[PDB]
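**Q** build the 3D model from these lines:
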Amino acid sequence: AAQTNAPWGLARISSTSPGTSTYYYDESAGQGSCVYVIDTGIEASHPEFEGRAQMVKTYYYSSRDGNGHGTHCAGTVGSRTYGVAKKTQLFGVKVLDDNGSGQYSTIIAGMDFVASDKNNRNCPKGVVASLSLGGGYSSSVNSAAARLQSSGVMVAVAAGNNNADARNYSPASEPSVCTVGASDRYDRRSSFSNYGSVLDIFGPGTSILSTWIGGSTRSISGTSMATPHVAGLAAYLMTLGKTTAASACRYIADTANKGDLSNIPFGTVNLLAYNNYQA
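**A** Numbers count the residues shown, from 1 in each chain. Please see the structure below:
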């Protein structure tokens, strides 16, 4: 398939070069795979989701995304126009309130919920998790990301929007999950994007156009906008049968666009997420 006039982030994961605006992908599009979005919630009634999105857990008075952050990220994973895996199943886990904040224990409880709830869902192509959140370092927020990875779910986490080493931030500093940086349309590291030897891949994170609450759309920047690119890509890659949850982050970094990004600090990986699709 080929989506014309797609967002630049989608075309860039199907392009060996920047400056294009066409997204190419196998027509499978993550049919049979599942991606949990552990954020502020997903507006499941958005027409862009085509009834493929639904809220499975909340830790507050409502599972409604009164923020819009989780709705944007879910639209980048698998919506029809702004999504990578346009046929996946989207599950919402609201661990952050409508201000985008939440207690570490609420986040830890959400990661444990996904490692069990995947046995309540039908995902014959595997389970993906996108954690577009983060705070300071915590060995207990790290160990729970590793538990979610060990259960059988690919865990993709934002590197952080601090312009620093992601070693002082969780769960970005967990070595078994997949730490994702951000880039812009000119193949440069986002001025806010974190770096370090813990990063495993870079995704489109600057000026990302996706769904928004109220049935609307908007463009926002952040490493939390490049994680759903990799989370959706893996669901796409697992549906084709190229890789598994445990080896997705190693496969994505093996088929990536090597050495194309500028302003990558020394010792940080220069790899851009690439779907390797040949039409």
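
**Q** centroid-nearest residue for the protein?
**A** Centroid-nearest residue in the chain: residue 228, 2.0 Å away (criterion: Cα atoms, centre = their mean).

**Q** wait, a helix at that residue?
**A** Yes - note on residue 228: a helix contains this position according to DSSP: H, G, I helix; E, B strand; the rest coil.

**Q** pretty sure it contacts residue 73?
**A** Yes - if you go by Cβ atoms under 8 Å, residue 228 and residue 73 touch, sitting 4.5 Å apart. The C-beta positions use only the backbone N, C-alpha and C, and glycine is treated the same way.

**Q** intersection of neighbour lists for the two?
**A** Counting by Cβ atoms under 8 Å, 6 or more residues apart in numbering, the shared contacts of residue 228 and residue 73 are 37, 130, 132, 210.

**Q** in the sheet, who's paired with the first one?
**A** Read it as residue 37. The partner list for residue 37 in beta bridges (DSSP bridges) reads residue 92, residue 130.

**Q** let me see the contact set for it.
**A** When contacts are counted by Cβ under 8 Å, 6+ apart, residue 37 touches 70, 73, 74, 77, 90, 91, 92, 93, 130, 132, 228.

**Q** ok, the residues you listed vs residue 244, which is closest?
**A** The shortest gap between residue 244 and any of the contacts of residue 37 belongs to residue 130, at 17.3 Å (Cβ to Cβ).

**Q** all helices of the stretch 1-150 of the chain, in order?
**A** Using DSSP state H, counting those that start in this stretch, the helices of the stretch 1-150 of the chain run over 8-12, 69-78, 104-117, 139-151.

**Q** out of the ones you listed, flag the one nearest residue 239.
**A** Comparing those by Cβ to Cβ, helix 69-78 comes nearest, at 10.9 Å.

**Q** from the chain's centre, how far out does that closest one sit?
**A** Centroid displacement of helix 69-78 relative to its chain, using Cα atoms, centre = their mean, to the nearest Å, is 8 Å.

**Q** quick one: buried residues of it?
**A** Of the residues in helix 69-78, 69, 70, 71, 72, 73, 74, 75, 76, 77, 78 count as buried by neighbour count, 16 or more other Cβ atoms under 10 Å.

**Q** from residue 41, how far out is the residue of the chain most remote from its centre?
**A** Farthest-out residue of the chain from its mean C-alpha position, per Cα atoms, centre = their mean: residue 61, at 25.6 Å. Distance of residue 61 to residue 41, computed by Cβ to Cβ, to the nearest Å: 12 Å.

**Q** which residue, other than its chain neighbours, is closest to residue 95?
**A** residue 110 (3.8 Å; Cβ to Cβ, 6 or more residues apart in numbering).

**Q** what's the answer for residue 107, then?
**A** residue 95 (4.9 Å).

**Q** how many neighbours does that neighbour have?
**A** The number of residues packed near residue 95 is 26, by other Cβ atoms under 10 Å.
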